[PDB]
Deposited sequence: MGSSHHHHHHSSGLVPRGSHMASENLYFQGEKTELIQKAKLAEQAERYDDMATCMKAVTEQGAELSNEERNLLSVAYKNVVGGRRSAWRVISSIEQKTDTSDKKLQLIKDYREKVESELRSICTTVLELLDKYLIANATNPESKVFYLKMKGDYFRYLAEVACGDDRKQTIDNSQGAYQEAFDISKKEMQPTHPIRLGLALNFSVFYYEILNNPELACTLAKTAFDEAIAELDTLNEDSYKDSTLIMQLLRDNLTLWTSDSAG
């Protein structure tokens, strides 16, 4: 469409300028046209929201740490909490926006199994970011939602994609992070990452090799950290 080209061009401009809120608006607008995204469009959408939500996650982490070190009956503590809650509501709004696009357009209209794994993984990621800042019954539901998406993504990728495929490696990576930081199960996080590494290294010829290698390096970085 005459507009879809306009929107992607703005998206690529916004990306080079590091205006990720503009990038996300353009890519969200492309998605709601209804047509399946190309690999290029898919990556622009992922890069945009990764950066949009990433800025709030880092802000939340800074504020919560300050909060955890502040005294109880200290006057200045309520302001800290209120600021954390403001940042929290932005993060939730961003995550629910992404999850909406996934459920309404992206997962459903995926034809490749590779495309479907990409989006199911994205679904797991954004419920995981919600689970990072959830508590109570809220936390239990978001965790199960994140797990459900990762587990389905995991199964498809094990049946349809090769161990060296970057999307399968990247899903193993983020699924292991889920086990380590959300479920707090480090041994299972280690096995998930190690298994993916070992299966990929046994086929380094049947290999895009750069992105596989760099993801496998993140897998092993985590493993070294976790086993130490």
Quiz item: Missing C-alpha stretches, by deposited numbering?
Solution: 1-28, 236-238, 260-263
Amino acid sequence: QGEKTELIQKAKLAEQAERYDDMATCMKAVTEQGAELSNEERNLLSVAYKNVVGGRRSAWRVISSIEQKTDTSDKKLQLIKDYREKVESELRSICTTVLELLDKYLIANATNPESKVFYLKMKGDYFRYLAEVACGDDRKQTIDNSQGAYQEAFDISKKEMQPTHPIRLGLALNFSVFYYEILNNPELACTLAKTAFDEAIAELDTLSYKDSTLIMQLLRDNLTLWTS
From here on, numbers count along this sequence of modelled residues.
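Just so we're on the same page, rigid core means the largest C-alpha set that superposes within 1.5 Å between forms.
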Quiz item: Which of these two stretches, 218-226 or 4-12, has the larger RMS Cα offset in 6 other deposited structures of this protein when the rigid core is kept aligned?
Solution: 4-12
Self-check item: Higher C-alpha RMS shift from the shown form in 6 other deposited structures of this protein - 38-46 or 184-192, rigid core fit
Solution: 38-46
Practice problem: Taking only the other compared entries that model residues on either side of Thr72, decide whether it is unmodelled in at least a third of them. | Solution: yes
Quiz item: 104-112 versus 144-152: which one carries the higher mean Cα B factor per the record?
Solution: 104-112
Quiz item: If you average the Cα B factors in the entry, which is higher, 64-72 or 188-196?
Solution: 64-72
Self-check item: Entry-reported Cα temperature factor of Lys210, expressed as the chain third it lands in
Solution: highest
Practice problem: Compare the C-alpha B factor of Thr96 with those of the other modelled residues in its chain, then answer lowest, middle or highest third. | Solution: middle
Quiz item: According to the PDB entry, is the CA B factor of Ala14 in the bottom, middle or top third of its chain, that is, lowest, middle or highest?
Solution: middle
Exercise. Among all modelled residues of this chain, ranked by Cα B factor, put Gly34 in the bottom, middle or top third, i.e. lowest, middle or highest.
Key: highest
Quiz prompt | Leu204 - which third its CA temperature factor falls in, relative to the rest of the chain | solution = highest
